[PDB]
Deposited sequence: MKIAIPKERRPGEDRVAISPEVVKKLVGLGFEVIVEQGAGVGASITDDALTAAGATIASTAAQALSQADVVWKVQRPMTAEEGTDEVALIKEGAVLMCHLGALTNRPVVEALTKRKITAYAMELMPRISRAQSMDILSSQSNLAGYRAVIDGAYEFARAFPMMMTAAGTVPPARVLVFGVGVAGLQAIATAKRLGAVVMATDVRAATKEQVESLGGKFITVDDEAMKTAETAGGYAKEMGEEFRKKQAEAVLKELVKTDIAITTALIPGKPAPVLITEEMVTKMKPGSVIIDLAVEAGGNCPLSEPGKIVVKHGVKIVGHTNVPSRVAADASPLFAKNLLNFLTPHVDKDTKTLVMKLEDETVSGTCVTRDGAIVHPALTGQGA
């Protein structure tokens, strides 16, 4: 069997769904591994390094994908309506594994269905502990949370650590992390190791102890309300306006002293919760920066604009798109490993047969043999 990995064509996408270390594992499993010439340039993974690991280099996308039984990629394939029909390059009946954005992108699923492709939408990986090594949302989020602090520190005109020199002492940066999920925890860790005084808040009560064990200060809003705020999947529930007002009052006290506010909150199937209103940014100190990591989902701050740095009220509101690609050389090997861990169990002693009864397979499959599975 042949597995192919093309170059990512969507604008700004520097990640690639492969690594030399994953190529060797695939070859050891019996695959012919094909990668498009130059697919790993953005991730610092050369064609020679892939060849040395056992891969075959194809000169074009069409040539790489032409006979592939399994296609691995990072973002969903582009369709004819977008100007470049990447779906048409996938062999009819083949398997596709990638971040499909299935719930938000019906036409790509429909296009795949027409070619009878079996598509596993990696972002739908079931929230079960044995699937943590296969979860692309947490491996990429982890890097995004680190990146937020680096982007914050780059845009900030003071140093993060408190420095005590012969000339005098300069205070540390004060960082506030809104939403302490996977990205938020790495944001806290990164900011803390740099020397910042770190504060953080979240609706889930389980988060408090995680914040404190990293040396952050948790901002308590509604103690007992936090008790019922988590879902069974581990996500936050919609809280409401009464809490919204509460949250703001607790937060504002620290936000007026905050140098860097990092916002990462998401709500399953909903627009991002507004955590930093325009009124609130008005009370912030001149020179402060907001890193809105939820900008593509609506933003936790209404002033953030996707792919831009907006300046308003003396505050820089940073809203880069595709933050994981700003750490592409680390993001790629981890994304590649997520795909390898998901696929490996279905190879035996030597073919690949996806076990359809496996919960990670049925939970991720959005279309198969011309039929849409999870509408």
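Stretches of the deposited sequence left without coordinates are 350-351, 378-384, in sequence order.
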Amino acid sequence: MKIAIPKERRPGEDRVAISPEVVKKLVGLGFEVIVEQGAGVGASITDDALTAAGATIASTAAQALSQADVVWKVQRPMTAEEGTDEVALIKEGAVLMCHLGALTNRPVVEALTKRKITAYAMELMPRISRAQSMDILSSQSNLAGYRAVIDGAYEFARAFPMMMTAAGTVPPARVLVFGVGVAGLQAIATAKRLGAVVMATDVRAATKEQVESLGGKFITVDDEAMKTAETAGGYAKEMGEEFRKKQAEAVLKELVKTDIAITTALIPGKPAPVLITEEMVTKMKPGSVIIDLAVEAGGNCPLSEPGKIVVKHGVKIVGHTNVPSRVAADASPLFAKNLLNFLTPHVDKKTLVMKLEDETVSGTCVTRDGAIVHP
From here on, numbers count along this sequence of modelled residues.
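Definition used throughout: the rigid core is the maximal C-alpha set that superposes within 1.5 Å between two forms.
Remark: when the other structures in 7 other deposited structures of this protein are fitted onto this one via the rigid core, 205-213 deviates more than the alternative among 180-188 and 205-213, judged by RMS CA distance. Relative to the shown model and aligned on the rigid core, the C-alphas in 7 other deposited structures of this protein deviate most, among 246-254 and 120-128, for 246-254. Across the other PDB entries of this protein whose models span the neighbouring residues, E241 goes unmodelled in a third or more.
Coverage remark for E110: present in the model in all other entries compared whose chains are built on both sides, leaving no third without it. Of the two segments, 185-193 and 240-248, the one listed with the higher mean B-factor is 240-248 (C-alpha atoms only). Of the two segments examined, 328-336 and 44-52, it is 44-52 that shows the higher average Cα temperature factor in the deposited entry. For the set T258, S138, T84, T263, the maximum C-alpha B-factor listed in the entry falls on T84. The PDB entry assigns the greatest CA B-factor among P161, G269, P126, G287 to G269. Annotation for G234: C-alpha temperature factor in the highest third relative to the rest of the modelled chain, per the entry. For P6, the recorded CA temperature factor ranks within the lowest third of the chain's modelled residues. Per-chain ranking of the deposited C-alpha B factor places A206 in the middle third. When the modelled residues of the chain are ordered by their C-alpha B factor, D292 lands in the lowest third.
Ranked by Cα temperature factor within the chain, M199 sits in the lowest third according to the deposited record.
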